[PDB]
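Here is the structure we will look at, set down as structure tokens.
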Number of protein chains: 2
Amino acid sequence: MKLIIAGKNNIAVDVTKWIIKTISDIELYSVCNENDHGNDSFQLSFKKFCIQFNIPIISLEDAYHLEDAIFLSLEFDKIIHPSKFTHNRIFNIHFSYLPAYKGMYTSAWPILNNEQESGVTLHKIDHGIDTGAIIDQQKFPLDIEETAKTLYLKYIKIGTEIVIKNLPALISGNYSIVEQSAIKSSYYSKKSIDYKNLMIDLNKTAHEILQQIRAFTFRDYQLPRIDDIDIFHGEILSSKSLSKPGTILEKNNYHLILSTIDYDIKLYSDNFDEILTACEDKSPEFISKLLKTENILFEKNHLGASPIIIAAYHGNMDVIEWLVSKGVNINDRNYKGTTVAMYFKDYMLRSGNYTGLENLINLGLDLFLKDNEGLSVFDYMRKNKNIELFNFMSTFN
Amino acid sequence: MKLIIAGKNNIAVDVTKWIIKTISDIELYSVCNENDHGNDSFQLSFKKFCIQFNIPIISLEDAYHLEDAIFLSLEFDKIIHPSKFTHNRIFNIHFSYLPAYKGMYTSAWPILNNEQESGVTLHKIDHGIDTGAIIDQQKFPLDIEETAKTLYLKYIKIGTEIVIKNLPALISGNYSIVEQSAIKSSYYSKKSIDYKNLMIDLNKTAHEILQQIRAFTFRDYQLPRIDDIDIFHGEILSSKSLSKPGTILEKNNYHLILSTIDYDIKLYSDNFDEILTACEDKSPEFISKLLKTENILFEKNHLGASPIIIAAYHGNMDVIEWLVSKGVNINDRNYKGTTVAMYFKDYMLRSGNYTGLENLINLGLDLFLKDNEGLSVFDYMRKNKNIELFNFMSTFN
Ligand SMILES: Cc1cn([C@H]2C[C@H](O)[C@@H](COP(=O)(O)OP(=O)(O)O[C@H]3O[C@H](C)[C@@H](O)[C@H](N)[C@H]3O)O2)c(=O)[nH]c1=O
Ligand SMILES: Cc1cn([C@H]2C[C@H](O)[C@@H](COP(=O)(O)OP(=O)(O)O[C@H]3O[C@H](C)[C@@H](O)[C@H](N)[C@H]3O)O2)c(=O)[nH]c1=O
Ligand SMILES: Nc1nc(=O)c2c([nH]1)NC[C@@H](CNc1ccc(C(=O)N[C@@H](CCC(=O)O)C(=O)O)cc1)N2C=O
Ligand SMILES: Nc1nc(=O)c2c([nH]1)NC[C@@H](CNc1ccc(C(=O)N[C@@H](CCC(=O)O)C(=O)O)cc1)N2C=O
Ligand SMILES: [Cl-]
Ligand SMILES: [Cl-]
Ligand SMILES: [Cl-]
Ligand SMILES: [Cl-]
Ligand SMILES: [Cl-]
Ligand SMILES: [Cl-]
Ligand SMILES: [K+]
Ligand SMILES: [K+]
Ligand code: NA
Ligand code: NA
Ligand code: NA
Ligand code: NA
Ligand code: NA
Ligand code: NA
Ligand code: NA
Ligand code: NA
């Protein structure tokens, strides 16, 4: 039996990995998105992965002709018409709790509309947009400071889990379906948000504006920009200016304060670059006063470098420990899968200071992770003939 | 103590009536809206009422200078600045459950946003838009086929009741306040809907389109118009056309059927004029097949004439009884307060057929209501020297 995975990003990669691991009786095929040109970013290129793992890449037109197959879309970019296949084993993951939020921008709209929850849905593909019957779905709450990025990452994670949970049933044909209700069905088109001329409506309440701010916060794509300042989170003040909504009450390097329909708002300028630099050699005290929101402690640059990665590469031990205490992952990775341990190893090698490792191991540092090339820190130390450091690191269980 | 009532419509009229009835120790003043030019419509002119009841009409500028006063806005049209008064006894009724739906078009927005409920709020006036502290509020559910008109009428009714309930406390100064929360505060401006170029977004789900249809249904102002057809309600079909959303699948004198993102919709053309004509002399059977929604049975023309009024004026007895059985008010009135009984009297007079009255009295017909001029059916029969009919009608308790 053939399984065609059509789509992109870590959902398509991780689903495909689980299949390779778990279901060896299956002949796998890939259909990729037009904009996937082989470059990893915040999400892995499914194209690059398939080529490296010897998964044959086929066109959509080819997939139509494959008989004895299941077809599974995961953030795929082309409309699929059920009529064009010999069979009805055509499945999709959509990033909403259907029937709500059919269509586009499902990491923004629920936030813009102040939903309490969202979810992910596995359903049949039918001819229309996210209209087909439901096989399974899972819901989750939206956090108070949820952004489009944090939301999208929850969708990737939950979607991957729902596919793996259901795939044996999709394969066996032993699943149930329920037609989507018309009631509380909703849809947004690509015209509904112009990401290339995004404007925040300031003639609104504090809460409405901060909803918009957070819905448009997705660092890899954009930050919201107000009065020529990139914004990273904000807060609602207790003051209530009489000035027209949108009036700039205060503007400095740190923030803007605006009048709204109700309560004044304070919008924090983005200082992520400054946070990264500070993590090289400054104290947790210093950093705690530089940041305006603790959200900034979990941000990543275009390579995936985070505060804790920088701290680790520079052997800034007090900052590593402090970040961990704020809930940062001691085993964080950049976008190539390089781990905190690998960066810390670099510091040990460069400095000759091995004394900090034990502390990190006790805080949960995992030496046995593999990066996107399938190599561990040990594989690198061996390749580079850093045998003394290898052997030192090897003493930790 | 002085009480200034600033505003419009039946809220301002009915509140003022209760004051006249209940609180004779009070010196009343009126401030009217710029667009109130003395003409009754679906709502009474507050200007006309004040002139007839010898309530002095003053300017807003005059109201600022009145000391020892309370000021109460009821759908008033001009911004009131607390700074301009000697006192803080400045109160407003807003047609939403604040802090949600500050601003405009509160009979449409909750429907457009598929709210479960709305409400009315009595609050202090502060300098901004519907921002001041809450004194009281009441909530209610939205009906499944709620329209902007039905909603607005609930607001008028509930608002009037909340003012009367609270007015003794406003007068005594013995009320409590709570500041409005920032959370779930929302606002819409006059730019948010263009009633002079209203377009229904058809590239949406069946449910989204019917939400829009109903939010824009307010006969005195407009009906929604699609493909040059005025629409009065619709329904969601079980069919699901593949054609682009908004495609007209069928168009005839009765309805349009459109493709949507999900389920096809059927939008009923408005046939209210035909319903009114039918009520002159056609059977309930006939009328039941002419209507496409029972909502049409409760509609009124620009004078306030309804199906039951027409039936009564024409002595269409089977239609009167049938309408009552569908929940129509046997004591319905036009916009001048003329009642079903008054119209039925006209039929009796014209025809000489007195036989139907007893039936209507047993169904709840009230002979003792007064119109907007303060006259009953008896007052008219006496004035017109229709003594035989007067005396006949007088036998019913
Ligand atoms: C293009 C874009 C997107 N975003 C946000 C909002 C969006 O929900 C999230 C992920 O973006 P994406 O994967 O381009 O597009 P979207 O979520 O609309 O996904 C849609 O298109 C894809 C290809 C379909 O398979 C999917 N089912 C659709 O929902 O990132 C931004 O913040 N800025 C952007 O410029
Ligand atoms: C002008 C207009 C209104 N409507 C609907 C929607 C609106 O909520 C309802 C009553 O209209 P209205 O009283 O002009 O205006 P609105 O409800 O926006 O009230 C607003 O303005 C008045 C003067 C303020 O005191 C009030 N607090 C505001 O909410 O009728 C229509 O369907 N068509 C229209 O053309
Ligand atoms: N049948 C089907 N339904 C879907 O919802 C769907 C699939 N297939 N396949 C994968 C993905 C494809 N989604 C889309 C959505 C819109 C356009 C498109 O070309 N739209 C028009 C209109 C723009 C808009 O309103 O969004 C365009 O001109 O771009 C293409 C692919 N998708 C589910 O994820
Ligand atoms: N202080 C105060 N707040 C209010 O919300 C309020 C009052 N007073 N008095 C009665 C009524 C007045 N509402 C309004 C609202 C807007 C405009 C006005 O002129 N607005 C601008 C902007 C348009 C818009 O965005 O709606 C305009 O140019 O028309 C006037 C009166 N109103 C509460 O009912
Ligand atoms: Cl894409
Ligand atoms: Cl090494
Ligand atoms: Cl060595
Ligand atoms: Cl007005
Ligand atoms: Cl008479
Ligand atoms: Cl007589
Ligand atoms: K303000
Ligand atoms: K359709
Ligand atoms: Na990528
Ligand atoms: Na199922
Ligand atoms: Na767009
Ligand atoms: Na801080
Ligand atoms: Na009027
Ligand atoms: Na109170
Ligand atoms: Na408008
Ligand atoms: Na009918």
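Numbering starts fresh at 1 for the residues of each chain in the structure tokens, the chains themselves are lettered A, B, ... in the order given, and ligands are numbered from 1 as they appear.
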Determine which residues of chain B sit within 10 Å of chain A, taking into account only C-alpha atoms, and present them as a compact mmCIF listing (two decimals) with N, CA and C atoms, in the first residue's frame.
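Result file result.txt:
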```
# COMPACT_ATOMS: atom_id res chain seq x y z
N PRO B 99 -18.41 45.92 29.42
CA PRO B 99 -17.60 46.72 28.49
C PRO B 99 -17.61 46.39 26.98
N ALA B 100 -18.26 45.32 26.54
CA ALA B 100 -18.39 44.97 25.13
C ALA B 100 -19.29 46.00 24.41
N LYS B 102 -19.03 49.01 23.02
CA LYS B 102 -19.01 50.48 23.07
C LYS B 102 -19.28 51.01 21.65
N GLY B 103 -19.84 52.22 21.55
CA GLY B 103 -19.88 52.88 20.25
C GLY B 103 -21.17 52.59 19.50
N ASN B 113 -21.27 39.11 14.92
CA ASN B 113 -20.24 38.38 15.64
C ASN B 113 -20.79 37.11 16.30
N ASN B 114 -22.05 36.78 16.02
CA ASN B 114 -22.69 35.55 16.48
C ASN B 114 -22.63 35.43 18.00
N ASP B 126 -18.55 59.55 31.26
CA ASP B 126 -17.25 60.15 31.45
C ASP B 126 -16.86 60.75 30.12
N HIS B 127 -15.66 61.30 30.04
CA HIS B 127 -15.33 62.03 28.84
C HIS B 127 -15.30 61.25 27.51
N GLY B 128 -14.98 59.98 27.63
CA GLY B 128 -14.88 59.13 26.45
C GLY B 128 -16.16 58.44 26.01
N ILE B 129 -16.04 57.45 25.13
CA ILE B 129 -17.18 56.81 24.48
C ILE B 129 -17.58 55.60 25.30
N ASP B 130 -18.70 55.70 25.99
CA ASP B 130 -19.31 54.61 26.75
C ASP B 130 -18.33 53.98 27.73
N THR B 131 -17.50 54.81 28.37
CA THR B 131 -16.38 54.33 29.18
C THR B 131 -16.60 54.36 30.70
N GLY B 132 -17.63 55.09 31.12
CA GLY B 132 -17.83 55.43 32.53
C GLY B 132 -18.32 54.27 33.37
N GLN B 180 -15.43 49.90 34.63
CA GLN B 180 -15.46 48.91 33.57
C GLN B 180 -14.07 48.28 33.48
N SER B 181 -14.12 46.97 33.26
CA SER B 181 -12.90 46.22 33.01
C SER B 181 -12.37 46.57 31.61
N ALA B 182 -11.05 46.45 31.48
CA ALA B 182 -10.42 46.51 30.19
C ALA B 182 -10.66 45.23 29.42
N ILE B 183 -10.89 44.12 30.12
CA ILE B 183 -10.90 42.83 29.46
C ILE B 183 -12.28 42.59 28.85
N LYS B 184 -12.21 42.20 27.58
CA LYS B 184 -13.41 42.00 26.74
C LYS B 184 -14.17 43.31 26.47
N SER B 185 -13.40 44.41 26.53
CA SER B 185 -13.91 45.71 26.11
C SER B 185 -13.75 45.77 24.60
N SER B 186 -14.79 46.29 23.96
CA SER B 186 -14.81 46.38 22.50
C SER B 186 -15.57 47.60 22.08
N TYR B 187 -15.24 48.05 20.87
CA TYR B 187 -15.75 49.32 20.31
C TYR B 187 -15.89 49.20 18.79
N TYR B 188 -16.99 49.73 18.26
CA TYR B 188 -17.12 49.94 16.81
C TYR B 188 -17.52 51.38 16.50
N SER B 189 -16.88 51.94 15.46
CA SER B 189 -17.10 53.33 15.04
C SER B 189 -18.18 53.42 13.96
N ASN B 203 -18.35 35.53 0.01
CA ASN B 203 -17.27 34.55 -0.02
C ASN B 203 -17.06 34.12 1.44
N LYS B 204 -18.11 33.49 1.99
CA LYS B 204 -18.22 33.18 3.41
C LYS B 204 -19.06 31.96 3.52
N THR B 205 -19.18 31.43 4.72
CA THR B 205 -20.03 30.28 4.97
C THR B 205 -21.50 30.64 4.98
N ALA B 206 -22.39 29.66 4.84
CA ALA B 206 -23.84 29.85 4.90
C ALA B 206 -24.24 30.62 6.17
N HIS B 207 -23.72 30.13 7.29
CA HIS B 207 -24.00 30.75 8.58
C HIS B 207 -23.51 32.20 8.66
N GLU B 208 -22.29 32.48 8.23
CA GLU B 208 -21.79 33.84 8.18
C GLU B 208 -22.65 34.74 7.32
N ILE B 209 -23.14 34.23 6.19
CA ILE B 209 -23.93 35.09 5.32
C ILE B 209 -25.29 35.36 5.94
N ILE B 236 -30.56 27.70 5.46
CA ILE B 236 -29.36 26.96 5.02
C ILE B 236 -29.87 25.62 4.50
N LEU B 237 -29.46 25.31 3.28
CA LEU B 237 -29.86 24.08 2.59
C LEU B 237 -28.89 22.96 2.92
N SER B 238 -29.23 21.73 2.51
CA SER B 238 -28.35 20.57 2.72
C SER B 238 -27.39 20.32 1.54
N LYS B 240 -24.54 21.32 -1.45
CA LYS B 240 -23.25 21.97 -1.39
C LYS B 240 -22.61 22.15 -2.75
N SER B 241 -22.98 23.23 -3.42
CA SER B 241 -22.52 23.45 -4.78
C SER B 241 -21.02 23.62 -4.84
N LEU B 242 -20.41 23.08 -5.89
CA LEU B 242 -19.01 23.26 -6.17
C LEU B 242 -18.65 24.63 -6.73
N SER B 243 -19.65 25.38 -7.24
CA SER B 243 -19.44 26.66 -7.87
C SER B 243 -18.89 27.64 -6.86
N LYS B 244 -18.25 28.67 -7.39
CA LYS B 244 -17.59 29.66 -6.58
C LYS B 244 -18.66 30.25 -5.62
N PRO B 245 -18.24 30.46 -4.37
CA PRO B 245 -19.18 31.14 -3.46
C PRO B 245 -19.75 32.40 -4.03
N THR B 260 -22.19 28.81 -1.27
CA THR B 260 -21.31 29.47 -0.26
C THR B 260 -20.03 28.66 -0.09
N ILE B 261 -19.22 29.02 0.91
CA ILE B 261 -18.06 28.23 1.24
C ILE B 261 -18.47 26.81 1.62
N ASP B 262 -19.62 26.64 2.27
CA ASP B 262 -20.05 25.32 2.69
C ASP B 262 -21.39 24.91 2.06
N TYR B 263 -22.48 25.21 2.74
CA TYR B 263 -23.83 24.74 2.36
C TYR B 263 -24.51 25.84 1.54
```
Return as a PyMOL selection string the residues of protein, DNA or RNA that approach ligand 5 to within 8 Å, with only C-alpha atoms and all ligand atoms taken into account.
chain A and resi 7-8+33-36+75-77
Hey, which residues sit close to ligand 7? Say within 7 Å, counting only C-alpha atoms and all ligand atoms, and write them as a VMD selection string.
chain A and resid 385 to 389
Preceding selection exported with N, CA and C atoms as a PDB file, in the first residue's frame:
```pdb
ATOM      1  N   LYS A 385      38.632  15.114  16.778  1.00  0.00           N
ATOM      2  CA  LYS A 385      39.757  14.569  17.549  1.00  0.00           C
ATOM      3  C   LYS A 385      39.977  15.236  18.897  1.00  0.00           C
ATOM      4  N   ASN A 386      38.863  15.659  19.502  1.00  0.00           N
ATOM      5  CA  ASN A 386      38.856  16.311  20.796  1.00  0.00           C
ATOM      6  C   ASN A 386      38.560  15.217  21.832  1.00  0.00           C
ATOM      7  N   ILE A 387      39.523  14.302  21.957  1.00  0.00           N
ATOM      8  CA  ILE A 387      39.344  13.061  22.726  1.00  0.00           C
ATOM      9  C   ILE A 387      39.286  13.295  24.234  1.00  0.00           C
ATOM     10  N   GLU A 388      40.094  14.200  24.767  1.00  0.00           N
ATOM     11  CA  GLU A 388      40.081  14.553  26.192  1.00  0.00           C
ATOM     12  C   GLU A 388      38.717  15.107  26.636  1.00  0.00           C
ATOM     13  N   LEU A 389      38.199  16.031  25.836  1.00  0.00           N
ATOM     14  CA  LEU A 389      36.869  16.568  26.105  1.00  0.00           C
ATOM     15  C   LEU A 389      35.798  15.495  25.921  1.00  0.00           C
TER      16      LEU A 389
END
```
Near range 45-61 of chain A, counting only C-alpha atoms, which residues have an atom at most 10 Å away, once you skip same-chain residues fewer than 3 positions from it, shown as a PyMOL selection string?
chain A and resi 4-14+16-17+20+27-33+35-42+64-66+78-80+84+372-373
Restrict the selected residues to N, CA, C and O atoms and save them as a short mmCIF file (atom, residue, chain, number, x, y, z; two decimals), in the first residue's frame.
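This is the output file result_18.cif:
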```
data_model
loop_
_atom_site.label_atom_id
_atom_site.label_comp_id
_atom_site.auth_asym_id
_atom_site.auth_seq_id
_atom_site.Cartn_x
_atom_site.Cartn_y
_atom_site.Cartn_z
N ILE A 4 0.95 8.76 0.31
CA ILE A 4 1.45 9.99 -0.29
C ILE A 4 1.24 11.07 0.76
O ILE A 4 0.11 11.31 1.19
N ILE A 5 2.34 11.72 1.12
CA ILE A 5 2.35 12.85 2.05
C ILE A 5 2.60 14.12 1.25
O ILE A 5 3.65 14.26 0.64
N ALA A 6 1.62 15.01 1.23
CA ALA A 6 1.65 16.24 0.43
C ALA A 6 1.63 17.41 1.42
O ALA A 6 0.67 17.57 2.16
N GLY A 7 2.71 18.18 1.46
CA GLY A 7 2.73 19.32 2.35
C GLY A 7 4.12 19.78 2.72
O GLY A 7 5.05 19.64 1.93
N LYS A 8 4.18 20.39 3.91
CA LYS A 8 5.35 21.18 4.34
C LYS A 8 5.52 21.18 5.86
O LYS A 8 4.67 20.69 6.57
N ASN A 9 6.72 21.63 6.25
CA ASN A 9 7.08 21.96 7.61
C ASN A 9 7.21 20.75 8.51
O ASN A 9 7.26 19.61 8.06
N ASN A 10 7.33 20.97 9.81
CA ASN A 10 7.70 19.92 10.72
C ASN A 10 6.61 18.92 10.90
O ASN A 10 6.89 17.80 11.22
N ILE A 11 5.36 19.33 10.60
CA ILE A 11 4.28 18.37 10.58
C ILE A 11 4.52 17.31 9.53
O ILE A 11 4.38 16.10 9.81
N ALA A 12 4.87 17.76 8.34
CA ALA A 12 5.06 16.75 7.27
C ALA A 12 6.32 15.92 7.56
O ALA A 12 6.28 14.70 7.47
N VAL A 13 7.37 16.57 8.02
CA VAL A 13 8.61 15.84 8.37
C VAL A 13 8.39 14.85 9.51
O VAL A 13 8.80 13.72 9.39
N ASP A 14 7.75 15.26 10.60
CA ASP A 14 7.61 14.38 11.76
C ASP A 14 6.62 13.25 11.58
O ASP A 14 6.79 12.14 12.08
N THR A 16 6.19 11.92 8.68
CA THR A 16 6.90 11.00 7.77
C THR A 16 7.96 10.15 8.55
O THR A 16 8.04 8.92 8.32
N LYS A 17 8.64 10.79 9.50
CA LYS A 17 9.55 10.08 10.39
C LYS A 17 8.87 8.98 11.17
O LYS A 17 9.44 7.90 11.32
N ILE A 20 8.18 6.05 8.82
CA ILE A 20 9.42 5.31 8.54
C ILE A 20 9.76 4.41 9.74
O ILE A 20 10.07 3.22 9.59
N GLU A 27 4.96 2.00 1.12
CA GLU A 27 5.66 2.70 0.05
C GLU A 27 5.29 4.19 0.08
O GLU A 27 4.18 4.55 -0.30
N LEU A 28 6.25 5.03 0.45
CA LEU A 28 6.06 6.46 0.69
C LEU A 28 6.41 7.29 -0.52
O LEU A 28 7.39 7.03 -1.22
N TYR A 29 5.58 8.31 -0.72
CA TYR A 29 5.74 9.31 -1.75
C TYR A 29 5.46 10.67 -1.11
O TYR A 29 4.70 10.78 -0.15
N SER A 30 6.12 11.65 -1.68
CA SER A 30 6.06 13.04 -1.26
C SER A 30 5.56 13.92 -2.38
O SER A 30 5.97 13.78 -3.54
N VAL A 31 4.66 14.85 -2.04
CA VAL A 31 4.34 15.96 -2.90
C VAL A 31 4.67 17.24 -2.12
O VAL A 31 4.18 17.42 -1.01
N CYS A 32 5.46 18.14 -2.69
CA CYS A 32 5.94 19.32 -1.96
C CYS A 32 5.20 20.59 -2.44
O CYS A 32 4.61 20.64 -3.53
N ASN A 33 5.27 21.64 -1.63
CA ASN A 33 4.69 22.97 -1.87
C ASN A 33 5.56 23.77 -2.82
O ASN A 33 6.78 23.57 -2.81
N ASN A 35 6.47 26.80 -2.84
CA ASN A 35 7.43 27.69 -2.21
C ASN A 35 8.49 26.98 -1.40
O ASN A 35 9.33 27.64 -0.77
N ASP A 36 8.47 25.64 -1.36
CA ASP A 36 9.49 24.89 -0.63
C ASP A 36 10.61 24.70 -1.67
O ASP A 36 10.51 23.87 -2.58
N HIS A 37 11.64 25.53 -1.53
CA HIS A 37 12.82 25.49 -2.40
C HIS A 37 14.06 24.87 -1.75
O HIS A 37 15.18 25.12 -2.21
N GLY A 38 13.86 24.05 -0.72
CA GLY A 38 14.88 23.29 -0.06
C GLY A 38 15.60 23.93 1.11
O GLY A 38 16.53 23.34 1.66
N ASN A 39 15.13 25.08 1.57
CA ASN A 39 15.78 25.77 2.67
C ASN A 39 15.06 25.61 3.97
O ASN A 39 13.87 25.99 4.03
N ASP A 40 15.77 25.07 4.95
CA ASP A 40 15.29 25.01 6.32
C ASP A 40 15.17 26.44 6.80
O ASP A 40 15.88 27.34 6.32
N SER A 41 14.19 26.64 7.69
CA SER A 41 13.97 27.93 8.36
C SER A 41 13.48 27.57 9.76
O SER A 41 13.85 26.51 10.33
N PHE A 42 12.56 28.38 10.32
CA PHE A 42 11.95 28.04 11.59
C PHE A 42 11.30 26.67 11.51
O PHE A 42 11.07 26.05 12.54
N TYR A 64 -2.51 11.75 -8.55
CA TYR A 64 -3.85 11.41 -9.05
C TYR A 64 -3.87 10.03 -9.66
O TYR A 64 -4.90 9.31 -9.63
N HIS A 65 -2.77 9.67 -10.32
CA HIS A 65 -2.73 8.37 -11.02
C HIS A 65 -2.30 7.19 -10.17
O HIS A 65 -2.45 6.04 -10.55
N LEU A 66 -1.82 7.44 -8.96
CA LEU A 66 -1.46 6.31 -8.12
C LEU A 66 -2.68 5.60 -7.57
O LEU A 66 -3.55 6.17 -6.91
N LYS A 78 -1.88 23.35 -2.74
CA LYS A 78 -2.68 23.28 -3.96
C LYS A 78 -4.03 22.63 -3.71
O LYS A 78 -4.13 21.64 -2.98
N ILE A 79 -5.10 23.14 -4.32
CA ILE A 79 -6.43 22.55 -4.20
C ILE A 79 -6.46 21.14 -4.77
O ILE A 79 -5.90 20.90 -5.86
N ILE A 80 -7.01 20.25 -3.96
CA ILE A 80 -7.17 18.84 -4.28
C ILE A 80 -8.63 18.52 -4.54
O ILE A 80 -9.48 18.73 -3.66
N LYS A 84 -10.60 13.48 -9.03
CA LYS A 84 -9.41 13.13 -9.82
C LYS A 84 -8.71 11.88 -9.32
O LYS A 84 -7.74 11.47 -9.91
N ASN A 372 20.00 17.76 13.10
CA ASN A 372 19.28 17.42 11.87
C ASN A 372 20.09 16.57 10.91
O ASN A 372 19.49 15.94 10.05
N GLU A 373 21.41 16.53 11.05
CA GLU A 373 22.29 15.63 10.30
C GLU A 373 22.43 14.26 10.96
O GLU A 373 23.20 13.44 10.44
#
```
Polymer residues at most 8 Å from residue 367 in chain B, only C-alpha atoms, same-chain spacing of 6 or more positions, as number ranges by chain:
B: 341, 376-377
Give me, as a list in words, all polymer residues having an atom no more than 12 Å from residue 286 in chain B, counting only C-alpha atoms and skipping those fewer than 6 positions away in the same chain.
residues 274, 275, 277, 278, 279, 280, 318, 319 and 322 of chain B
Taking only C-alpha atoms and all ligand atoms and a cut-off of 8 Å, can you tell me which residues surround ligand 18, written as a list in words?
residues 134, 135, 136, 175, 176, 177 and 178 of chain B
Any chance you could export the current selection's N, CA and C atoms as a PDB file, in the first residue's frame?
```pdb
ATOM      1  N   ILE B 134     -20.056  51.499  35.701  1.00  0.00           N
ATOM      2  CA  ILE B 134     -21.363  50.841  35.666  1.00  0.00           C
ATOM      3  C   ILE B 134     -22.174  50.923  36.947  1.00  0.00           C
ATOM      4  N   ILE B 135     -23.418  51.363  36.804  1.00  0.00           N
ATOM      5  CA  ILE B 135     -24.405  51.456  37.895  1.00  0.00           C
ATOM      6  C   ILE B 135     -25.270  50.199  37.900  1.00  0.00           C
ATOM      7  N   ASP B 136     -25.773  49.778  36.743  1.00  0.00           N
ATOM      8  CA  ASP B 136     -26.554  48.531  36.620  1.00  0.00           C
ATOM      9  C   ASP B 136     -26.492  48.049  35.179  1.00  0.00           C
ATOM     10  N   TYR B 175     -26.657  54.896  44.958  1.00  0.00           N
ATOM     11  CA  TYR B 175     -26.366  53.816  44.008  1.00  0.00           C
ATOM     12  C   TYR B 175     -24.894  53.452  44.153  1.00  0.00           C
ATOM     13  N   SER B 176     -24.500  52.306  43.605  1.00  0.00           N
ATOM     14  CA  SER B 176     -23.131  51.844  43.536  1.00  0.00           C
ATOM     15  C   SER B 176     -22.610  51.895  42.086  1.00  0.00           C
ATOM     16  N   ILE B 177     -21.297  51.995  42.015  1.00  0.00           N
ATOM     17  CA  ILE B 177     -20.623  52.010  40.731  1.00  0.00           C
ATOM     18  C   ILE B 177     -19.492  50.976  40.751  1.00  0.00           C
ATOM     19  N   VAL B 178     -19.174  50.447  39.571  1.00  0.00           N
ATOM     20  CA  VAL B 178     -18.000  49.635  39.340  1.00  0.00           C
ATOM     21  C   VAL B 178     -17.296  50.043  38.059  1.00  0.00           C
TER      22      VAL B 178
END
```
Can you work out the spacing between CA of residue 149 in chain B and CA of residue 164 in chain B in Å, to one decimal?
22.9 Å
Identify, counting only C-alpha atoms and all ligand atoms, the protein, DNA and RNA residues located within 12 Å of ligand 19, and give them as a PDB file with C-alpha atoms, in the first residue's frame.
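Below is the file pocket.pdb, written as the result:
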```pdb
ATOM      1  CA  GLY B 103     -19.883  52.885  20.249  1.00  0.00           C
ATOM      2  CA  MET B 104     -22.085  52.325  17.253  1.00  0.00           C
ATOM      3  CA  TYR B 105     -24.488  49.923  15.645  1.00  0.00           C
ATOM      4  CA  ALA B 108     -25.959  44.796  14.287  1.00  0.00           C
ATOM      5  CA  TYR B 188     -17.125  49.938  16.810  1.00  0.00           C
ATOM      6  CA  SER B 189     -17.097  53.330  15.043  1.00  0.00           C
ATOM      7  CA  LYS B 190     -19.474  54.851  12.518  1.00  0.00           C
ATOM      8  CA  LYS B 191     -16.983  53.771   9.802  1.00  0.00           C
ATOM      9  CA  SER B 192     -17.416  50.128  10.767  1.00  0.00           C
ATOM     10  CA  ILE B 193     -20.581  49.657   8.683  1.00  0.00           C
ATOM     11  CA  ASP B 194     -21.536  51.691   5.610  1.00  0.00           C
ATOM     12  CA  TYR B 195     -25.325  51.613   5.666  1.00  0.00           C
ATOM     13  CA  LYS B 196     -25.377  53.652   2.470  1.00  0.00           C
ATOM     14  CA  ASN B 197     -23.344  51.044   0.549  1.00  0.00           C
ATOM     15  CA  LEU B 198     -23.981  47.877   2.456  1.00  0.00           C
TER      16      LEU B 198
END
```
I'd like to know which residues of range 65-212 of chain A are helix (DSSP H, G or I) (by DSSP, run on the backbone); could you write them as a PyMOL selection string?
chain A and resi 65+82-84+109-112+148-172+190-192+206-212
List every residue of range 194-378 of chain A that DSSP, applied to the backbone, labels as strand (DSSP E), and write the result as JSON, numbers by chain.
{"A": [225, 226, 229, 230, 231, 232, 233, 234, 235, 236, 248, 249, 250, 251, 255, 256, 257, 258, 265, 266, 267, 268, 269]}
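Ranking A:119, A:110, A:159, A:82 by their shortest atom-to-atom distance to ligand 3, with only C-alpha atoms and all ligand atoms included, puts A:82 first.
In this structure, CA of residue 265 in chain B sits 24.7 Å away from CA of residue 117 in chain B.
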Would you mind listing the residues within 9 Å of ligand 16, counting only C-alpha atoms and all ligand atoms, as a ChimeraX atom specification?
/A:287-294
For residue 333 in chain A: contacts at 10 Å, only C-alpha atoms, fewer than 5 positions along chain excluded, given as a PyMOL selection string:
chain A and resi 300+303-306+308-309+338-343+369+371
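CA of residue 281 in chain A sits 27.8 Å away from CA of residue 391 in chain A.
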Pick out the residues sitting within 10 Å of residue 154 in chain A, and hand them over as JSON, numbers by chain; count only C-alpha atoms, and ignore anything fewer than 6 positions along from it in its own chain.
{"A": [95, 107, 118, 119, 120, 140, 142, 148, 160]}
Take the residues just selected and output them with C-alpha atoms as an mmCIF file, in the first residue's frame.
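After the write, out-v5.cif holds the following:
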```cif
data_model
loop_
_atom_site.group_PDB
_atom_site.id
_atom_site.type_symbol
_atom_site.label_atom_id
_atom_site.label_comp_id
_atom_site.auth_asym_id
_atom_site.auth_seq_id
_atom_site.Cartn_x
_atom_site.Cartn_y
_atom_site.Cartn_z
ATOM 1 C CA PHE A 95 -5.273 24.049 11.845
ATOM 2 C CA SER A 107 -2.923 31.403 13.786
ATOM 3 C CA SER A 118 -8.574 26.682 19.203
ATOM 4 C CA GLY A 119 -7.708 23.157 17.936
ATOM 5 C CA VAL A 120 -6.687 20.925 15.049
ATOM 6 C CA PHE A 140 -6.760 23.515 23.556
ATOM 7 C CA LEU A 142 -5.343 30.011 24.076
ATOM 8 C CA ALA A 148 0.391 33.893 16.069
ATOM 9 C CA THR A 160 1.471 15.873 14.265
#
```
